[PDB]
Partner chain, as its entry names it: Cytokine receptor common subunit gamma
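First comes one chain, alone, set out as structure tokens in the form deposited without the partner chain.
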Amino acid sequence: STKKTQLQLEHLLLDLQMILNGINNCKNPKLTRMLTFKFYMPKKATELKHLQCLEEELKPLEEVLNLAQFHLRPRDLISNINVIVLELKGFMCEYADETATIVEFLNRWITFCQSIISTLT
């Protein structure tokens, strides 16, 4: 049961890294524009239930990805992430006051994933 949970988080980790790596390969003027979009960050993210904070931001994530343009369709990878987040989290999300770019948003959730995987090894 703990192994199944770990596997899901690892798939989530790799999905998120995929988006970040895809974004990091955008051309600089396009990327500059993409970094103007605001993403909302959890006040605290240490537990699986805090993934609610990720779930709520998945639609804006999908939109920004759609607005940029690839071998992957945004609706497919976001759907995969959605399924995993929904099955993992199984509470109202508390948001931090300061917003973030798509990059720092992705970095934060990548770090969350890696932190939780580390408690399951």
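Numbering follows the first chain given and starts at 1.
Chemist: None, 1 to 3, 4 to 9, or 10 or more: how many residues of the deposited sequence lack coordinates between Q69 and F70?
Modeler: Missing in between: 1 to 3 residues.
Chemist: For the stretch from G90 to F91, please bin the deposited residues that the model skips: none, 1 to 3, 4 to 9, or 10 or more.
Modeler: In the record, 4 to 9 residues between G90 and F91 lack coordinates.
Chemist: Would you determine, from the values in the PDB entry, which of 32-40 and 75-83 has the greater average C-alpha temperature factor?
Modeler: Mean CA B-factor is higher for 75-83.
Chemist: Between 21-29 and 100-108, point out the one with the higher average CA B-factor as the PDB entry records it.
Modeler: Mean C-alpha B-factor is greater for 21-29.
Chemist: Can you pull the Cα B-factors for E63, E47, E94, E57 from the entry and say which is highest?
Modeler: Going by the entry's C-alpha B-factors, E94 comes out highest.
Chemist: Could you tell me which third, lowest, middle or highest, the C-alpha B-factor of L7 occupies within its chain?
Modeler: Lowest third, going by the recorded CA B-factors of the chain.
Another form exists, deposited with the partner chain bound; not displayed. Remarks below refer to it.
Chemist: Hey, in the deposited complex, does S118 get a heavy atom within 4.5 angstroms of the partner chain?
Modeler: Close contact exists here: in the deposited complex, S118 approaches the partner chain to within 4.5 Å, heavy atoms only.
Chemist: Heavy atom within 4.5 Å of the partner chain in the deposited complex: which residues of 34-73 meet that condition, in order?
Modeler: Just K44.
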